[PDB]
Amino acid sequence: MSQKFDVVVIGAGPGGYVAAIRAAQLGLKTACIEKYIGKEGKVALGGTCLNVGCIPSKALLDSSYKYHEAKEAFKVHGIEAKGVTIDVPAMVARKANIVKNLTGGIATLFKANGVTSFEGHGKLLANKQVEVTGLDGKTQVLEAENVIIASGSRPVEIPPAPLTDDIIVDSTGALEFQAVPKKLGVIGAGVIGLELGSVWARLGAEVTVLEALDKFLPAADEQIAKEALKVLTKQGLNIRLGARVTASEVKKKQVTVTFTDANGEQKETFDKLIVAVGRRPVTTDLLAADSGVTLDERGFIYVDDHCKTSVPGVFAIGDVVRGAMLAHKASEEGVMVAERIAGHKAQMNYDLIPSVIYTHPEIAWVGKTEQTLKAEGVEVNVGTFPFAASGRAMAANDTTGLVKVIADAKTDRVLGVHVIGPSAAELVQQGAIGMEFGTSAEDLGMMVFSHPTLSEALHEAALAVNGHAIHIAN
């Protein structure tokens, strides 16, 4: 029985580790297999998000912002912070210690819940048998009643900019720089590139972001994206749209990138270059030829709306399957799959998954953009409120940005909430909770919002939908 489990989970990222905990909570005998070696030379749980993704990036964003504010936005308060500096090794070490604590915390949760951990590489064979290759190279086979595949993702590689020495790096290396890159190039103006560029720009890097697409943040609401581009450019992110990298050359501890833009061939030289074009699903040695599990043309594991693969009792969740490649999407899929194995008719809502970009100002949204609703032919009413009119934001010395609420013009149902500014993600979550209950704009308007709080900007934007905000002209 040592080798028999009700649920075997391959991977311990946000998808897999949450699925494993939930399965154990539901009374299923659960194993979770993980191969990733952390900084101490031992297996570290938590996946991309904890080890080289969400948490490390937010740690560096928060440290670098605190330095930036001390250097550039203290005098208005009367604060004199003389000769303020930030030590990059110490900043990175704080991040490493946070990662170590949280990865240890997952192991603590596994122990408390009775999840059995295996260290090594898992491979799905036919008929729900899972071969585990341990760290010593020895194999064993686990007999699973159900398998949850949660093998995650890795950075996209591009031929013009292969990882090279410590000069051309991906996001993992960008979270490990021990000195500020004097000239930093970033390929890709999506969330990851914008966050990483912001960290290092705050510390003095001169940053160019090369983006092949003509449109900035095309999935975000256009009004939000336009303000974001303006603000981030002013902060020193030299974001170049319609700029397609074709070659790179490393010499003298620098890298020269050749790229094509509207004016032809261009060259620019950097001390470090981050390739942040996107993310790809990981299926390396994951599926035996006889497993029965199929991949789509983009390399994701094919699953249905309940994350079931083509093989009964085999599920796949998170970044290895279709849908938004986000940590909270992966974890909610894990919960849904575990609940369904336990017999519950659990159903995931894919329409209210929020997005957050942890720049400062923060950017977040839920639901549909104005441009999507126009393409769908839905008439809408829009309300906005700027943080420049927020008393709380004035006290905070942080008045950039706005809240936008989009409602159906016929029914008043809120269809999207979009924010750039302080506490964007928390205000968007307020909107998402309302949308879960079918809120109208008038419903939000009729609620008591504490004063003074940043939340009031959502209240006013909801009132503005129907032309009766108090604190701005309508």
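Heads up: residue numbers just count along the shown sequence, starting at 1.
- The mean C-alpha temperature factor is higher for 77-85 when 110-118 and 77-85 are set side by side.
- In this entry, the higher average B-factor at the C-alpha atoms falls on 40-48, of the pair 54-62 and 40-48.
- Of the candidates 319, 296, 332, 170, the one whose C-alpha carries the top B factor in the deposited record is 296.
- The top Cα temperature factor in the record, among 151, 129, 349, 355, falls on 349.
- For residue 434, the recorded CA B-factor ranks within the lowest third of the chain. Only modelled residues enter the ranking.
- Per the deposited record, the Cα B-factor of residue 410 falls in the highest third when ranked against the other modelled residues of its chain.
- When all modelled residues of the chain are sorted by CA temperature factor, residue 159 is found within the highest third.
- Ranked within its chain, residue 143 lands in the middle third, by CA B factor from the PDB record.
- Residue 395: CA B factor in the middle third of modelled residues in this chain (values from the PDB entry).
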